[PDB]
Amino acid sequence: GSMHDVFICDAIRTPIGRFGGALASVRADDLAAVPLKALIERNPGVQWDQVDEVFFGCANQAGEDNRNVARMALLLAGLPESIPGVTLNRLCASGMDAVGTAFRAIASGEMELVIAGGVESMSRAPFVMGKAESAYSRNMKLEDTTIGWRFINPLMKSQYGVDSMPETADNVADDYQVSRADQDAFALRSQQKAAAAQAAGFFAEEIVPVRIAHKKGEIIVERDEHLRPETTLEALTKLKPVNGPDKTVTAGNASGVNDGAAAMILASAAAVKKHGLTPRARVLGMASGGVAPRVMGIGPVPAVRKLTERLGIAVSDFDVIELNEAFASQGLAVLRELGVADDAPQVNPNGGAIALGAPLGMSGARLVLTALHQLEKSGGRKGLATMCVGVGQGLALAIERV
């Protein structure tokens, strides 16, 4: 009759590649399979035919990630054909949704042993073309699915607008009064902290390599590619806003478009013991929230509020906060709404998506796993991961180290 505790066990990720960069040759399905293969190699006591489900986040699903990439990935990874899979889409929150969905399946007693993760290959996102609506139609057109609006509904544009994600971040900067200077400082600190974590070997502990064929032999992609460790305030101040001279968001204070995949095991207490797993954290809960599309970046606020209210935990009780850095403007605006200092030590202690990049489907799984990793290294207890969502949402997920 009682709900069951749920533990995150092993977790692992590919490096994050730049658009057109180190991972651009790797099909989304094959990329998604890389962390799955590593889970298999890294957890040899598991009876693999007992995995109840693979849940994977993926925002696109038009490309080599089409037709339920979770199931494609598990087959490519060498998991038995008897294992089910399902793909979740809450845009940039998809991979976190995977984790929280997996958690709810175990908490409710419907499953014992599951994998949750996320993939996105933005390099390889395809073009789409709608069907002709009439014989001999002269209005055929291609649209890029890399990021952002396509097949725009005129009713959506008239009621809510179809602001680009950078536009929404400018709207957040405007409405919440987040200065260019503050955004650049945040971005700088993101780059510094990530450069420090990379030199410390922190990212290395999370990463499994991806092997790439060249003409004369193979290389290994080993390192997060997006980082700009040489970033300075002077460098950031010189950049032009994406949307015009009177705006504040720049490529230097924004996440990038990127490729990568991540996955982790979740299990009941019985499953941990049966499969020889090492339990690392208990999942406390997940909540979602909605906001106006035009200020989508503030979405984390109702999400975090809803979760912490229900669990009865103060925002200030968390020993780590992984706040997604879609843009410095909205990162800062969320922190301020929540009463957390712009530079508080527990937020993004190893940097975030400004430095690391953000393959939509992967980023939510990455935030959960890195929060856990951070809690282990620092000896912290509770961790909060939260991110915003295109078209105006937030997602939040809380964990507690065992």
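One rule holds for the numbers: they count along the sequence shown, beginning at 1.
For the segment pair 210-218 and 321-329, the entry gives 210-218 the higher mean B-factor, averaged over Cα atoms. In this entry, 238-246 has the higher mean Cα B-factor, the comparison being between 178-186 and 238-246. Set against one another, the Cα B-factors of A132, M72, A314, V114 in the record reach their highest point at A314. Per the PDB entry, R223 shows the highest C-alpha temperature factor of the residues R223, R90, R124, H226. Remark: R366 belongs to the lowest third of its chain, ranked by C-alpha B-factor as recorded. Per the PDB record, residue ranking by Cα B-factor puts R336 in the highest third of the chain.
Split the chain's modelled residues into thirds by C-alpha temperature factor. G256 is in the lowest one. Per the deposited record, the Cα B-factor of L395 falls in the lowest third when ranked against the other modelled residues of its chain.
Sort the chain's modelled residues by C-alpha temperature factor and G299 lands in the middle third, per the entry.
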